[PDB]
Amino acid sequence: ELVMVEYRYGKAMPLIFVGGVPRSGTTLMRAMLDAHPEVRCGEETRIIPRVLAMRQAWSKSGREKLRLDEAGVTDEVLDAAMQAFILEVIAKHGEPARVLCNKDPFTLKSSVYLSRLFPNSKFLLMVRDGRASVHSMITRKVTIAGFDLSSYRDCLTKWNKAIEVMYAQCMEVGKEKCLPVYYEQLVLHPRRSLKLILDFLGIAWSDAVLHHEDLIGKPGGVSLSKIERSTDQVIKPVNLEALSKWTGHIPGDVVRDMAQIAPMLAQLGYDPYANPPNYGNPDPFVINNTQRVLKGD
């Protein structure tokens, strides 16, 4: 176990992985966690999901795996190599803390693998209405290799497949180690949501998680990259503005075919023919935050 109260990073470390399809509140979630003095997530590493995809890729590819196994580069060796690379990046890319965390959206496609590598890690899977996530990536031009931003139909189809895998992985990992977090519930009910999340994590309450915007740029607080696409949203307190901006911007044929393009909508509790679903009633706290945002605080 190597140097980072002197915390040690090692595979048996308490770790939190946050993810979900991009544009699903992952940066908000990690920033709220960062606001806690016992937790550091920090910025997206970008490279962790690339090494995971590399790892995940040739297990299906018969020929690569056979060649690796014949070279003595077995699952055990690869797993040892992956652990070491990932720990180095998580540990050294930001400030130390008792509980280290990583947020890279697509890592949650590999939560079963990550849970095996890191036996004391836990996972927060951000879930947001696919229509909201897709409308976001298209309108803001947040690029995902393989998603066609000129098509709502394509993006929704690929959102669906992506979250289908992440959710199945979350269910296999199990209730003790992976928690779906619904973005709309997080925004509507921040206090209740964070209380449930922190309980799941085995971490005590701190009011700081409800005032993440006050801890941006500060020691032990929230470190934001100016290049990351969610930064100008995350500098604001939790607010209601982004819940249903998608409504009316989905092409009619896609609105018609919604349940068939995105069966994961109904499976996750989003009505695919509500435009938009009634996500729920906002806490006064978030109503107030939204009003402050609108006046231009």
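The first residue of the shown sequence is 1; numbering continues from there.
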Quiz item: In at least a third of the other entries we lined up, does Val5 end up with no coordinates?
Solution: yes
Quiz prompt | Residues of the deposited sequence that sit between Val5 and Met4 yet are not modelled | solution = 4 to 9
Quiz item: Higher mean Cα B-factor in the deposited model: 96 to 104 or 213 to 221?
Solution: 213 to 221
Quiz item: Do the C-alpha atoms of 229 to 237 or of 54 to 62 have the higher average B factor in the entry?
Solution: 54 to 62
Practice problem: Quick one: which of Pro190, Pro119, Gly72, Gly130 shows the highest Cα temperature factor in the PDB entry? | Solution: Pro119
Quiz item: Among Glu38, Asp257, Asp271, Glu43, which residue carries the highest C-alpha B-factor recorded in the PDB entry?
Solution: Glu38
Quiz item: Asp154's Cα B-factor: lowest, middle or highest third of the chain?
Solution: lowest
Quiz item: What third of its chain, lowest, middle or highest, does the C-alpha temperature factor of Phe200 fall into?
Solution: highest
Quiz item: Lowest, middle or highest third: where is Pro180 by C-alpha B factor in its chain?
Solution: lowest
Quiz prompt | Record-listed C-alpha B factor of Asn289: chain third | solution = highest
Quiz item: By its CA B factor, does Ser206 count among the lowest, middle or highest third of the modelled residues in the chain?
Solution: highest
